[PDB]
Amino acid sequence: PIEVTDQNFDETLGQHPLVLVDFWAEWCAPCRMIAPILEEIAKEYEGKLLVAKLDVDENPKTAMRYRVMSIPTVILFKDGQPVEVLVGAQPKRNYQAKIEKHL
């Protein structure tokens, strides 16, 4: 699980096939809840998926870009292009479902 920033967000996206981007903030409790879940996700799909984390407090223009207004927001990118969105703090199986739809 790596960090993405306003500078390298587009590099990372065009550099990897499948990228799961977690829009989060340090002060958010449902963020903290899915955080260990998303790295089990990272392990499970270690070779076909890159998990990235976007701090919306440090990267407001990136959050503004995709209009991420409420977090635990997870967006799936399939070829630099967004294909799935998960808006709540959710069970691991819900992420697994949308990842495998594009595997």
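The numbering used is simple: start at 1 and walk along the sequence shown.
J.: On mean C-alpha B-factor from the PDB entry, just flag whether 25-33 or 74-82 is the higher one.
T.: For C-alpha atoms only, the mean B-factor is higher in 25-33.
J.: Residue 48's Cα B-factor: lowest, middle or highest third of the chain?
T.: CA B-factor rank for residue 48: highest third.
J.: Lowest, middle or highest third of the chain for the C-alpha temperature factor of residue 90?
T.: Within its chain, residue 90 is a lowest-third residue by C-alpha B-factor, going by the deposited values.
J.: Report the third (lowest, middle or highest) to which the CA temperature factor of residue 63 belongs, ranking only the modelled residues of the same chain.
T.: Within its chain, residue 63 is a lowest-third residue by C-alpha B-factor, going by the deposited values.
J.: When the deposited Cα B-factors of this chain's modelled residues are ordered and cut into thirds, is residue 54 in the lowest, the middle or the highest one?
T.: CA B-factor rank for residue 54: lowest third.
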